[PDB]
Ligand SMILES: *[C@@H]1O[C@H](CO)[C@@H](O)[C@H](O)[C@H]1NC(C)=O
Ligand SMILES: *[C@@H]1O[C@H](CO)[C@@H](O)[C@H](O)[C@H]1NC(C)=O
Ligand SMILES: *[C@@H]1O[C@H](CO)[C@@H](O)[C@H](O)[C@H]1NC(C)=O
Ligand SMILES: *[C@@H]1O[C@H](CO)[C@@H](O)[C@H](O)[C@H]1NC(C)=O
Ligand SMILES: *[C@@H]1O[C@H](CO)[C@@H](O)[C@H](O)[C@H]1NC(C)=O
Ligand SMILES: *[C@@H]1O[C@H](CO)[C@@H](O)[C@H](O)[C@H]1NC(C)=O
Ligand SMILES: *[C@@H]1O[C@H](CO)[C@@H](O)[C@H](O)[C@H]1NC(C)=O
Ligand SMILES: *[C@@H]1O[C@H](CO)[C@@H](O)[C@H](O)[C@H]1NC(C)=O
Ligand SMILES: *[C@@H]1O[C@H](CO)[C@@H](O)[C@H](O)[C@H]1NC(C)=O
Ligand SMILES: *[C@@H]1O[C@H](CO)[C@@H](O)[C@H](O)[C@H]1NC(C)=O
Ligand SMILES: [Cl-]
Ligand SMILES: [Cl-]
Ligand SMILES: [Cl-]
Ligand SMILES: [Cl-]
Ligand SMILES: [Cl-]
Ligand SMILES: [Cl-]
């Protein structure tokens, strides 16, 4: 009866409980004959020192094969995984994030021991790419954050725009923390195109919306295309009517992602302990300066795993650990109410019977 | 020929060249017939995402043996090495700290590729213990911030007090960054002990200094014994006359450490290349998830290295993580002006000629102890 520990850092005590269930439920699902999956976990810490310290003292110390990182889906939490990733990445222990959508985790270096059940915001540009053409606009204005996250959605959208009739036109970028995006929009206003795509924080989207309206870029022939987040929080409070944003279906549904992540990890642990040339994970974090050799192997099996019937539906991973084929519900601001006017899944936009109102009030697609 | 690369993250463009010259000088001093030291460096980055990325794209990408980390010595930059230590720790490349004194880096098991030519703030408790040896304080209230830093200072002082017939008369901890301390200091004032040891951030120190001056804990009987930081910035603007604080000699001196680090990294890299089974450091960051097995070795070489005639004293690193063992200087607040009233060698507190006015303008030494 081989005991295999699985660690998680989660939001609440009830989620710790939800994890303990989902694990030993998936334990009976697979078969407790050969291996028996064990759940050990800790409540999340917002203080990234105290957090990194907990991953050693509470998780890695008790022989863990992989860690799940969860936290409140708030914009001043979306980085509580960085310490966990760095600490566990030290020994090559795969970290399975399930809330955070920050693109820095999907980079080709730094977070090499990381994968997630939810796509980064930079992938919302794959929807915008389909959106363009479905509604036949193909000359756009683009403004991104000029922090990593912003350029990550620019670099992507513009890659898809290559090889294609549609071109970038003019890419503009602002300093992340600014009030005063006036002279930047002022320059965009006199430009050719009037379908604006935005990538910003909740409060930064708010600042451009606020200043866009003050410069009369808010209505008529203008189209505003954003993602989720640019229609969350204060961004919603100051958004122009007729803006098109997105929302990741099941994105904030933490109980779902605990269920699916335990799904793939259980499924991939059995897959792993079949190879029979594997080492046990280190119980270290104390003068232990060596990795476990079968670390990255487990990580490769992890992110090449295929797992349909998931509660977030058909969960498989990226070239570098991102969720593949995720469902975004297309949103639209009609009279201060976000109404589902479409739905993107994997690829392709599929609108419903309900009609879109465009920025300014006038129905019927602008140019 | 044979080129050996050394990385560095430093404060300015002119500190970068300061580093490059120190590497060139280390070659002209060492052998340099077999191996020739080289200098690749980047400037420091506040934003921790951009710093981690720079360590990969600029430093690790240039096949680096060890990375030096410096930065402005502001209380806002003291954490800048965490992304460097994590990113380079990922491959077991040794990171050498020059300016940060945060105690978290000294920890067992969080930063295992980290070195520093400067001791942590928690080590100031070694100085306070000696301050109590001289000046016979045997009854103390010790208030520390209830974070890792404050707790690190109380754990080390309590250890030192344990192996002696003593402990803190009472230990008090406040929530880092609170603006109400009035309550805590109330139960402190009614105690027997009258010498107060504080371990707080520079802004937290000011909060307690005025909450203390108000409940009347500044005059006469009291002794205020703190460390650097509790006498820096907003603290010291609000610190009571007669407060005694520490100041790490050549702590804020970048060029002095840029030199000494290059010195010991040069001294140790020669030692390493003297050995059998040495593998080259990782070429790049991208899609690379193996370490270099000699990384841990090289770090153990670095830590057991000795270096006399630094500029900053005798350079050597202890076992715990690694931290220098060298001189501090005792400062006293007189007429709102910090004047040196003593100096601490590696071991003993040794008073100077200059006389020392205690809290509340008092001329002669108090004893704490209720009076
Ligand atoms: C299994 O998990 C429990 C907590 O759920 C933990 O206390 C125990 O140590 C784990 N088993 C092993 C063998 O470590
Ligand atoms: C900042 O905004 C002010 C008024 O809102 C304006 O006068 C100034 O030109 C703006 N500059 C930039 C760079 O946005
Ligand atoms: C603002 O410009 C838009 C053109 O997009 C137009 O609908 C509206 O009449 C303008 N209003 C003013 C006051 O200039
Ligand atoms: C989480 O997911 C469930 C379905 O699995 C659904 O009721 C809802 O969207 C979320 N509810 C809670 C309580 O998290
Ligand atoms: C939505 O995605 C599915 C499965 O990934 C794909 O086959 C299909 O093209 C999309 N929807 C429609 C209506 O075709
Ligand atoms: C040596 O360092 C310089 C920068 O000072 C760097 O550009 C060069 O590529 C390095 N040479 C080797 C062989 O690594
Ligand atoms: C909070 O502070 C005010 C004065 O600063 C005081 O009236 C009150 O007693 C304090 N309470 C606590 C718990 O510090
Ligand atoms: C008040 O303050 C002075 C110095 O600030 C001090 O000597 C005295 O003991 C304190 N207490 C009273 C009751 O005055
Ligand atoms: C650093 O040490 C040097 C001697 O190397 C000394 O002259 C100076 O005080 C320090 N540097 C600065 C900039 O103060
Ligand atoms: C001061 O310096 C050294 C430590 O480096 C030590 O040998 C000596 O005993 C110390 N104190 C005195 C009073 O000499
Ligand atoms: Cl700007
Ligand atoms: Cl206009
Ligand atoms: Cl920066
Ligand atoms: Cl408090
Ligand atoms: Cl009183
Ligand atoms: Cl010391």
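Here, each number is a calculation from the coordinates, and none is a lab measurement. For neighbour counting, all protein chains shown are included, and Cβ atoms are generated from backbone atoms with ideal geometry for every residue, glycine included.
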Residue B:92: passes all of (1) out of contact with any strand residue (DSSP E or B) (no Cβ under 6 Å at 6 or more places or on another chain); (2) in contact (Cβ under 8 Å) with a residue 60 or more places away in the chain; (3) surrounded by fewer than 22 Cβ atoms within 10 Å (Cβ to Cβ) but (3)
Could you check residue A:81 against (1) within 12 Å of another protein chain (Cβ to nearest Cβ); (2) under 27 Å from residue A:272 (Cβ atoms); (3) free of Cβ contacts under 8 Å to residues at least 40 places away in the same chain and say which number it fails? (1)
Considering only region A:44-64, I want to know if a residue exists there that is in contact with a helix residue (DSSP H, G or I) (Cβ under 7 Å, 6 or more places away or on another chain), more than 14 Å from chain B (Cβ to nearest Cβ) and not in a loop (DSSP other than H, G, I, E, B). no
Taking region B:264-298 and keeping only residues that are surrounded by fewer than 22 Cβ atoms within 10 Å (Cβ to Cβ), assigned to a helix (DSSP H, G or I), within 14 Å of chain A (Cβ to nearest Cβ) and touching a residue at least 60 places away in the same chain (Cβ under 8 Å), one is left with B:296
Take residue A:220 and decide whether it is in contact (Cβ under 8 Å) with a residue 60 or more places away in the chain and within 30 Å of residue A:179 (Cβ to Cβ). yes
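Would you check if residue A:109 is in contact (Cβ under 8 Å) with a residue 12 or more places away in the chain and either under 14 Å from residue A:320 (Cβ atoms) or within 14 Å of another protein chain (Cβ to nearest Cβ) (or both)? Break it down into steps so the answer makes sense when it comes.
Values: in contact (Cβ under 8 Å) with a residue 12 or more places away in the chain: no; either under 14 Å from residue A:320 (Cβ atoms) or within 14 Å of another protein chain (Cβ to nearest Cβ) (or both): yes.
For residue A:109, the condition - in contact (Cβ under 8 Å) with a residue 12 or more places away in the chain and either under 14 Å from residue A:320 (Cβ atoms) or within 14 Å of another protein chain (Cβ to nearest Cβ) (or both) - is not met.
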State yes or no: is residue B:201 within 14 Å of chain A (Cβ to nearest Cβ) and away from ligand 11 (no atom under 16 Å from the Cβ)? yes
With respect to residue B:364, determine if the residue is away from ligand 13 (no atom under 16 Å from the Cβ), part of a loop (DSSP other than H, G, I, E, B) and touching a helix residue (DSSP H, G or I) at 6+ places or on another chain (Cβ under 9 Å). no
